[PDB]
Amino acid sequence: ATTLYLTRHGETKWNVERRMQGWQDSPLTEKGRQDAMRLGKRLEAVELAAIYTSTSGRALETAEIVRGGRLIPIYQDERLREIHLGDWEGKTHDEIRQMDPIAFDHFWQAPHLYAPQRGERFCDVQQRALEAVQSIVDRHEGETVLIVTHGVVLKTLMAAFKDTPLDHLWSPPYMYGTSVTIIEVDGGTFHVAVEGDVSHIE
């Protein structure tokens, strides 16, 4: 019996610059900080036992803003990093379409067909993120915790919980930054209680 609050960091410079991030990082934008503040307010009542995020700076910032001085430990897990995009990182979409037009199309249109030479495949992400989630519920029996991660990780996770095949990874709902998704873990099973709720952000 564990309650998992899930979300992804807000807007970053590269986000608005439409540059792909992955393992490279970039600071939050003013808007990204406001979104986190607002999410931090919505969770002021939830009795969080802890917070897990990736080792990425943009995720850590969001977590610190959300914790806002509350006595809560923040743990960083590599298994929650965004998909490693290899050669695509730090490059814009237009720039990428110039290099690997097909792979780029598969990425968004046929995820299950995405097979980069050095980057990470979607199932690689889903698998390690699942481990993280499992180790997290293992360490928090009878507790509620928050997980701040990234777009893709969040999506592969939702897919595992919804039992959706990876080819339908990008299916709705869209997962906004700092959106709230709640997963209830009873008897070892994952129940999607709330998905992508974006009130507070409005």
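One-based numbering along the sequence shown.
J.: On mean C-alpha B-factor from the PDB entry, just flag whether 120-128 or 89-97 is the higher one.
T.: Stretch with the higher mean C-alpha B-factor: 89-97.
J.: Could you look up the Cα B-factor of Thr55 in the entry and say which third of the chain it sits in: lowest, middle or highest?
T.: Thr55: CA B-factor falls in the middle third of its chain.
J.: In terms of the chain's CA B-factor thirds, is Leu39 lowest, middle or highest?
T.: For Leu39, whose C-alpha B-factor we compare with every modelled residue in the chain, the answer is the middle third.
J.: Can you tell me whether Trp23 has a C-alpha B-factor in the lowest, middle or highest third compared with the other modelled residues of the same chain?
T.: Lowest third, going by the recorded CA B-factors of the chain.
J.: Could you tell me which third, lowest, middle or highest, the C-alpha B-factor of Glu143 occupies within its chain?
T.: For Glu143, whose C-alpha B-factor we compare with every modelled residue in the chain, the answer is the lowest third.
J.: Among the modelled residues of its chain, does the C-alpha B-factor of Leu166 lie in the lowest, middle or highest third?
T.: Highest third, going by the recorded CA B-factors of the chain.
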